[PDB]
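Going down the list, the sequences are from chains E, V and D.
Quick note on our numbering: the first sequence kicks off at 1 and runs consecutively.
Quick note on our numbering: the second sequence kicks off at 1 and runs consecutively.
Quick note on our numbering: the third sequence kicks off at 1 and runs consecutively.
Written out below as structure tokens is the structure these notes cover.
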Amino acid sequence: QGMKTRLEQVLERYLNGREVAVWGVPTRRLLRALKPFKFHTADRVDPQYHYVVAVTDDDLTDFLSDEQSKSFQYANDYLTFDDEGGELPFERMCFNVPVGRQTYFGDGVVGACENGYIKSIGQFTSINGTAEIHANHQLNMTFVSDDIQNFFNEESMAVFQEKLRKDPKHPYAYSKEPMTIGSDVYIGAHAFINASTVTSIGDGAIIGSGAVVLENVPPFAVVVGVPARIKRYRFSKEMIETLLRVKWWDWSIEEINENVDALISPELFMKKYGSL
Amino acid sequence: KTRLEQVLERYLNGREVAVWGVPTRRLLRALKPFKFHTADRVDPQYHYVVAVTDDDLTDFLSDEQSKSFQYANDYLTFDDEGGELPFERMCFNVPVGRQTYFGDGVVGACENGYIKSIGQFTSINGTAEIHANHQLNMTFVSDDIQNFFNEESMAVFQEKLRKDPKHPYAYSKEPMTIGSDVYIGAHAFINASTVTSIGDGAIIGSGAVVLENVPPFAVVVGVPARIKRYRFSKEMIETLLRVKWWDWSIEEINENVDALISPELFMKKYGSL
Amino acid sequence: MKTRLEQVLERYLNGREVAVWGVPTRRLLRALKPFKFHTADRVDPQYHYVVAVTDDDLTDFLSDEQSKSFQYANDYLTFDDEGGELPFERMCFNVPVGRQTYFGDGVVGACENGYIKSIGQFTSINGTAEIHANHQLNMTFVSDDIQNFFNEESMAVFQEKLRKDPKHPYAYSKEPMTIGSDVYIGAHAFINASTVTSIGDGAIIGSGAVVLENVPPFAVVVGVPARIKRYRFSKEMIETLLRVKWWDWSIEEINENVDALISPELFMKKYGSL
Ligand SMILES: NC[C@H]1O[C@H](O[C@H]2[C@H](O)[C@@H](O[C@H]3O[C@H](CO)[C@@H](O)[C@H](N)[C@H]3O)[C@H](N)C[C@@H]2N)[C@H](N)C[C@@H]1O
Ligand SMILES: NC[C@H]1O[C@H](O[C@H]2[C@H](O)[C@@H](O[C@H]3O[C@H](CO)[C@@H](O)[C@H](N)[C@H]3O)[C@H](N)C[C@@H]2N)[C@H](N)C[C@@H]1O
Ligand SMILES: NC[C@H]1O[C@H](O[C@H]2[C@H](O)[C@@H](O[C@H]3O[C@H](CO)[C@@H](O)[C@H](N)[C@H]3O)[C@H](N)C[C@@H]2N)[C@H](N)C[C@@H]1O
Ligand SMILES: [Cl-]
Ligand SMILES: [Cl-]
Ligand SMILES: [Cl-]
Numbered sequence: 001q002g003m004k005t006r007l008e009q010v011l012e013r014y015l016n017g018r019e020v021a022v023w024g025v026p027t028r029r030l031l032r033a034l035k036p037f038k039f040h041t042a043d044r045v046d047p048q049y050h051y052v053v054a055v056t057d058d059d060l061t062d063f064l065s066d067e068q069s070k071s072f073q074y075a076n077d078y079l080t081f082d083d084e085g086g087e088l089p090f091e092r093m094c095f096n097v098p099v100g101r102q103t104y105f106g107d108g109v110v111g112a113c114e115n116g117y118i119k120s121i122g123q124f125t126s127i128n129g130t131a132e133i134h135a136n137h138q139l140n141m142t143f144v145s146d147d148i149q150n151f152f153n154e155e156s157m158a159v160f161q162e163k164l165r166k167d168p169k170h171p172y173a174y175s176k177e178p179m180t181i182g183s184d185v186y187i188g189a190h191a192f193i194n195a196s197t198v199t200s201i202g203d204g205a206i207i208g209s210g211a212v213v214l215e216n217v218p219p220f221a222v223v224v225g226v227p228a229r230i231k232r233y234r235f236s237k238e239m240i241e242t243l244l245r246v247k248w249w250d251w252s253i254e255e256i257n258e259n260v261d262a263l264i265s266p267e268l269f270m271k272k273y274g275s276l
Numbered sequence: 001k002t003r004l005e006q007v008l009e010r011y012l013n014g015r016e017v018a019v020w021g022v023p024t025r026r027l028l029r030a031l032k033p034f035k036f037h038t039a040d041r042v043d044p045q046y047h048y049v050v051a052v053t054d055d056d057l058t059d060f061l062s063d064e065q066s067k068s069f070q071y072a073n074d075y076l077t078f079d080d081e082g083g084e085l086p087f088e089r090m091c092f093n094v095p096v097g098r099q100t101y102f103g104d105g106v107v108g109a110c111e112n113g114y115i116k117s118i119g120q121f122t123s124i125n126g127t128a129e130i131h132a133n134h135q136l137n138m139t140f141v142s143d144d145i146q147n148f149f150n151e152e153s154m155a156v157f158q159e160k161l162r163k164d165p166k167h168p169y170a171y172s173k174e175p176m177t178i179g180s181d182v183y184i185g186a187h188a189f190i191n192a193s194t195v196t197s198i199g200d201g202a203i204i205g206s207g208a209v210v211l212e213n214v215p216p217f218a219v220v221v222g223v224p225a226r227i228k229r230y231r232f233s234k235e236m237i238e239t240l241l242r243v244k245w246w247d248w249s250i251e252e253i254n255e256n257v258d259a260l261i262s263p264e265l266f267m268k269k270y271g272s273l
Numbered sequence: 001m002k003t004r005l006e007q008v009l010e011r012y013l014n015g016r017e018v019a020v021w022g023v024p025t026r027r028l029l030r031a032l033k034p035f036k037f038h039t040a041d042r043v044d045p046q047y048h049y050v051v052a053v054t055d056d057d058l059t060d061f062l063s064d065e066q067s068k069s070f071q072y073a074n075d076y077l078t079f080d081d082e083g084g085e086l087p088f089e090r091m092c093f094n095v096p097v098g099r100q101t102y103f104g105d106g107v108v109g110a111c112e113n114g115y116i117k118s119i120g121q122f123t124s125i126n127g128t129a130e131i132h133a134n135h136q137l138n139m140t141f142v143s144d145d146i147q148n149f150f151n152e153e154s155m156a157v158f159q160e161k162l163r164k165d166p167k168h169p170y171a172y173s174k175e176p177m178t179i180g181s182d183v184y185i186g187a188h189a190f191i192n193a194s195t196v197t198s199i200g201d202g203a204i205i206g207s208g209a210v211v212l213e214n215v216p217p218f219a220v221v222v223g224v225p226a227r228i229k230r231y232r233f234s235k236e237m238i239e240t241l242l243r244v245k246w247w248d249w250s251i252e253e254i255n256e257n258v259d260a261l262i263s264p265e266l267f268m269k270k271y272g273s274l
């Protein structure tokens, strides 16, 4: 019943008949994910024969200081286990939340993926690890608690859950669409997005540090403050829609390199793609 | 007395602890008064499974063996001092009511003597923080400078700290009482030097910085925290404080679930008249 | 690049054996390779330097009755605590940190990213404080890891605009930030490494404050964004504090002026300018 690890998705694509070399104190969840593969505790490693798996980020710090690590490419030959939110060169799943290329995030939103709060996360999105995404409890009852249900019997729970499924303010993200976090998004430190009231973080939206987001963010909007407010937009409204049609975040690696000057210069991006 | 110890004193029932995960020195110290082993084949009739990390419990509950293990009754996580429980428990020496949970920041607050008790059915976000102020009336704001103080220098340092009316390090003030039916959001902050109570039913929004007492059933948001609304009318707040549903038995909670679900039904039933 | 533990063992081990309290990690064994270590059992400070692997391991040790004879730093230390205070000036990565100054893992990462030039003495930084920089905001994209798809030539142009940018994305083309002495920083506080270069001596950053520019010495900043609430002392006292620099005193001098450090009024009647 174990969900598919981020490590499992990498090994499925890059192990290539090698043996996994565990770098660090192995854990029960790691051993569980490493069952269908040949693995051993790492000593002397070779990218021809071994794929290095550092258990903790502390273990990766140790591996990347070692001389043997210089022959190992990120993702292609090594990876960290305890980093479910780490970026990848391909489109992955987090639990069952699709996550695009070069998109990383922390543990608060990994849990938000587990809670069914997020529908999907786009490409090239940078989310600070300390960002958090939680829902609201019911606000229309005599109690605000959630774990009182542990004391509810079958009859008391049927009538509790029935009201939640009808609450139009979506407690615990009920009866609402899971939120989509677009591509080219930046989320600052200590940011919070209410999962009960937000369904869309637009493409290109920039959420400032310490911002509390209670509503949808328009595409390429910059929001700051408690509560978050639109301070500026990244580009004009004509480039905003042109961006939403050109969709550079879905290019190939060869196309990204072939349009580097357009990605580096928004003015040149317009002179190249803003055809009418 | 650790949280695992309080459960094992209650629900182990002569079984043997099954350690799901790599054991730590502190867990090995707590499991000393019982027999234990590394979990392989587990049966809830023979074993109480104890997951070391939250990552261990996730692996255990996804195993086909956990299908007959009940929460707290048959299993528990050791590195979850702030996890909820079906009976009133102690966090260090801070009482905590039933179905109430918090994070490690609040755990350290309990350890620092900042909290007097935490009520029933209270939901505290793990990223919530509770710290006190340093001394602000002296030439230095540092605390660890006292590590360079000798026996005579700290006699006068500690002397003025306890005289300080602003309660540096929560000095000369009652510890903080967090009521029942309380909700506190993520990244919230409560100042242990200037806050003595969070009322019953109080709701602290995410990202809110609480510097003064929150009234019962008040909804506070912002930096600093300010009251945005009250949960119920004044009359229901009076009756909610006389009834105290959070102290009901499991029986009364299930019997009056209709009153717990609808505030208006609660009002006619337990209201004054 | 010595660790916090390596710095302490080179100075206080004194021919003893390090006794490891807890399950040893890969990075701890590597730090302990030049020393004589073994699993802790029965420990004596005349014989052993107890090393606790995790914060959770040290709590277990100090509750044990064998810890009653050990002293902090001199006789025991925690491994996973690069931001923990020390009774001497230390090096976090390659960032000088003053005596009795502590921070959390976010600021340790800020030292690793080169965002911090130095951190003063007797500075108290909450563990949930953060110091991150801005990505480029004058481009078509805000991503950083998109550069993992950049080839050799595209990387050149990208890195070129970054060093040209006057707003200092990723703290480029700007001086690393200085954090003064006798500074306090509340929980959940954030300092932008792209636009800040100095946290003045004696500054106080209140909880939840978003500091977007330099904080003067002895100013108290709060809010989102952070603005000056008050100053700890008068303008004349700040100027005397900046010349006296009590945070550079010897342990003897600190005790000899414990009355001047406790009462600001006594500090001025003794060090105030003529
Ligand atoms: N190191 C400096 C960089 O840090 C961040 O990016 C980096 C992220 O912080 C990294 O995040 C990793 O570390 C963070 C915690 O710091 C974890 O939350 C996250 N899941 C884990 O993947 C991620 N793996 C790589 C990415 N380029 C900043 N957004 C940009 C900055 O230049
Ligand atoms: N999983 C989704 C739910 O998460 C929270 O509740 C849950 C709490 O977050 C849980 O708390 C546990 O997990 C949290 C988060 O990591 C820890 O901070 C906490 N110390 C630990 O005890 C607790 N054990 C169960 C409770 N239902 C939300 N308040 C409600 C939400 O529906
Ligand atoms: N316990 C109560 C005290 O907490 C803090 O200080 C304490 C610091 O928070 C401690 O910092 C340690 O604990 C913190 C918090 O977990 C970690 O962020 C930090 N890396 C770790 O070194 C440090 N080792 C000791 C110092 N007296 C307050 N600043 C003062 C308060 O009286
Ligand atoms: Cl629920
Ligand atoms: Cl103290
Ligand atoms: Cl870069």
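C-beta: ideal position from N, C-alpha, C; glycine also.
Reference residue i; option with closest CA among the options
i: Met268/D; options: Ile251/D, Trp249/D and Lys235/D; result: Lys235/D
i: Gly207/V; options: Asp247/V, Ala186/V and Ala218/V; result: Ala186/V
i: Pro264/D; options: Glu252/D, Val210/D, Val220/D and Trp246/D; result: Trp246/D
i: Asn254/V; options: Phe152/E, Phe39/E, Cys94/E and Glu19/E; result: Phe152/E
i: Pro218/E; options: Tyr233/E, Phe143/E and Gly208/E; result: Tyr233/E
i: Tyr273/E; options: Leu244/E, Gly225/E, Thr80/E and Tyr117/E; result: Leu244/E
i: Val213/E; options: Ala221/E, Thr199/E, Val222/E and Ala228/E; result: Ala228/E
i: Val45/E; options: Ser71/E, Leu276/E, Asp57/E and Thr56/E; result: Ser71/E
i: residue 345/E; options: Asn113/D, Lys117/D, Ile119/D and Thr140/D; result: Past the boundaries of the shown model lies residue 345/E; chain E is included only from 1 to 276, so the question cannot be answered.
i: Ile204/D; options: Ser154/D, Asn148/D and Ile125/D; result: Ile125/D
i: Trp251/E; options: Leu15/E, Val224/E, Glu91/E and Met157/E; result: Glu91/E
i: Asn140/E; options: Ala155/V, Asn112/V, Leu273/V and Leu265/V; result: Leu265/V
i: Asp105/D; options: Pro87/D, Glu82/D, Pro96/D and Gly22/D; result: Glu82/D
Coarse secondary structure for residue i, derived from DSSP in three states
i: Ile116/D; result: strand
i: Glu175/D; result: coil
i: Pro168/V; result: helix
i: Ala221/E; result: strand
i: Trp247/D; result: helix
i: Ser69/D; result: helix
i: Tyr101/V; result: strand
i: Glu132/E; result: strand
i: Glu84/E; result: coil
i: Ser273/D; result: coil
heavy atom of ligand 1 below 7 Å from residue i C-beta
i: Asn113/D; result: yes
i: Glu87/E; result: yes
Residue i CB to nearest heavy atom of ligand 5 below 7 Å
i: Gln146/V; result: yes
i: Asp143/V; result: yes
Beta-carbon contacts of residue i that lie in its chain and below 6 Å, excluding the five residues immediately before and after
i: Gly200/D; result: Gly180, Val215, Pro216 and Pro217
Residue i at chain E interface by Cβ criterion, 8 Å
i: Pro215/V; result: no
8 Å CB neighbourhood of residue i in its chain, flanking five on each side removed
i: residue 274/V; result: This structure cannot settle anything about residue 274/V, because the visible part of chain V is limited to 1 through 273.
i: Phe190/D; result: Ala129, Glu130, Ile131, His132, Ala209, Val210 and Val211
i: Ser193/V; result: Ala132, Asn133, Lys166, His167, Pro168, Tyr169, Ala170 and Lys173
CB contact check: residue i to chain D, cutoff 8 Å
i: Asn112/V; result: no
i: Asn147/V; result: yes
Neighbour flag for residue i against chain V, beta carbons, 8 Å
i: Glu85/D; result: yes
i: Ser67/D; result: no
i: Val55/E; result: no
Close beta carbons around residue i, own chain, < 7 Å, minus the five adjacent residues each side
i: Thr197/D; result: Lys174, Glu175, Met177, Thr178 and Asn214
i: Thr25/D; result: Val53
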